[PDB]
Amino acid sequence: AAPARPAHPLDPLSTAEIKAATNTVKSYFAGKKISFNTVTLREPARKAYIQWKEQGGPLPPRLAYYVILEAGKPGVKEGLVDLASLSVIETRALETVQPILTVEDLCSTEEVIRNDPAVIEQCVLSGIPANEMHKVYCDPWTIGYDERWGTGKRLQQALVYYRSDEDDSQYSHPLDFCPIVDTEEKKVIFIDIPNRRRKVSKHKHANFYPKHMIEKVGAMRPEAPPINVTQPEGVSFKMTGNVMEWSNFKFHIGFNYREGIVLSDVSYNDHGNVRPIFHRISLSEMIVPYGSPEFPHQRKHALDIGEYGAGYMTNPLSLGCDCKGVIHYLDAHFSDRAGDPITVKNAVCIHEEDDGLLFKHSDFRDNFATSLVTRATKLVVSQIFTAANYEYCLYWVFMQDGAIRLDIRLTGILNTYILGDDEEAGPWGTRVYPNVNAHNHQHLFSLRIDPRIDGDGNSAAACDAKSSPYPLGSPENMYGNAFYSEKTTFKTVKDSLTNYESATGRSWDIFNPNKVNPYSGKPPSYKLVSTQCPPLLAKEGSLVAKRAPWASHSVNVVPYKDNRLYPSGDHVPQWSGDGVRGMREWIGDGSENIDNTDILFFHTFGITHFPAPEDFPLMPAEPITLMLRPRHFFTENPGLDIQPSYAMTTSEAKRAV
């Protein structure tokens, strides 16, 4: 009957559980024609999980969340399957939303536009013959939002390009028009055609493979001498199923279709006292809003996580190329449209790397013969996903001082639009190649942190450096040097709505106000140190601001409730941004309490991208980082019991000489 329960309640659904769930759902809707959009773990309620983990409490039921389509019905249906009983236990119909676009939902759009007589006609008017349609390509995007259709049809917009040869990078040769495609009917329903036509570029393609480069600059550079990294005695980390242990950290590595990597149940072993830090941390949403106002480019503000899914887009990583060293891989499992499990192999890679010095000090008194050096090791848990033109590289990094860092590297290819011979790209974009306009855009991310700093009952605060308010020459600040950290504890949701401030080098504390560090007298905290925090440039009330209400502040703190995962809502595509859902729901009237309770902390960070020709035709990795670091959590540097790489005391140096 039922599938084997997993090793651990947070383990993603196995392939057997996916198939059991889709069989269950097919049987419940017997005699209807349905297709599967999502089949994923419904994670246990936080209270249920903690109680199970730490209080000998009830085993949470193993549940699958499903989203389906039914042919000839608007929207979706979603629900929950109880896997132990193979039954649907909750179900409902959402006729006015549209769900995440799966690989299969997107794969057919290129062939739909290649065979559509109106599209062919535009290709011909653009300078491509009717019988060279096999040379016309498109990146199929959600429509994002178009007020001519709402969510009343499920729609894609095709960003159209041309390839002279199948091995070309197509992005040097965009076309001027934009077909709109009905996803369920597989038909073009409209084409946005600009008032000013620009025909396909006559220039050579802007290419980047070795054979192209040899033609273009004459020769490749010689293969460089190798740099080889080995771990002849193995790795210091230990995985048990999905559970990681490394350098006193323990946590669960989960994965899903939408967020990608999800780290849960994170603790640190402080000499035998195992101390919780975070219940869950992941990226919960994104938005990449373009900054050209001209129609139809307002529809370029992909929320990649909610609209395509960081798991669904994730690359199979391979040994050597993506992750070098000694690697532990995890696979990812999803459902396809027919309810059959699909596997992405090696979706997550886990390894440890040297990370320079952890600490050092030497005494000048014996010319530095008294010296201690200890080298650092970091642990890396990563994936790389491809959102059509762009590549996002995600690196969750654990460090031996007890900090946790998220590092991202952006690479891939600029989104490009066509530029006429006499057209100025600025001020909204950059001509990065002849006839190629790369529009301005931001890449913004919502980091979702569910904390339990040293246990339950937490608060959050902005921390601003400030000069003493007493003036120079006063008895209280005679020489005018006094300064302090001003801590503003958030009491209600509204207090939390804050941005990064350079003027004060603002950081944010997440802390446990029920405890006290015995040395400093402050509460144990993890401090968010993050300065890549762009303002949202789109205006208040804009489509972008409405669809991504989380993106308007660097920090949003709300009460925990179950299933507050996705801050632009559960079903993102084609939402106008009007209505009380996601973060706008969780914020409410701003008055609910967030001091010393179960909270959720959503941080908006990222970059603002003004393209330049260095970015083209393929972009050098661009870095983004944030860090969560222990402050007043420990009573001293927690890495001092790591064997030093070199250590000589004063007594020892005297004996040497």
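Each residue number is its position in the shown sequence, starting from 1. Basically, rigid core = biggest C-alpha set you can superpose within 1.5 Å across the two forms.
- Between 311 to 319 and 327 to 335, greater CA displacement relative to the shown form is found for 311 to 319 when the structures in 8 other deposited structures of this protein are fitted on the core.
- For the pair 103 to 111 and 448 to 456, greater average C-alpha departure from the shown form in 8 other deposited structures of this protein after core alignment is found in 103 to 111.
- Two stretches are in play, 422 to 430 and 439 to 447, and the higher mean C-alpha B-factor belongs to 422 to 430.
- For the pair 557 to 565 and 126 to 134, the record assigns the higher mean C-alpha temperature factor to 126 to 134.
- The residue among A403, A219, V262, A310 whose C-alpha carries the highest B-factor in the deposited model is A219.
- Per the deposited record, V344 carries the highest C-alpha B-factor of all listed residues (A387, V344, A482, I510).
- Per the PDB record, residue ranking by Cα B-factor puts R62 in the middle third of the chain.
- Sort the chain's modelled residues by C-alpha temperature factor and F633 lands in the lowest third, per the entry.
- Sorting the modelled residues of the chain by their CA temperature factor places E614 in the lowest third.
- Among all modelled residues in this chain, the alpha-carbon of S35 has a temperature factor (C-alpha) in the highest third.
- Ranked by Cα temperature factor within the chain, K202 sits in the highest third according to the deposited record.
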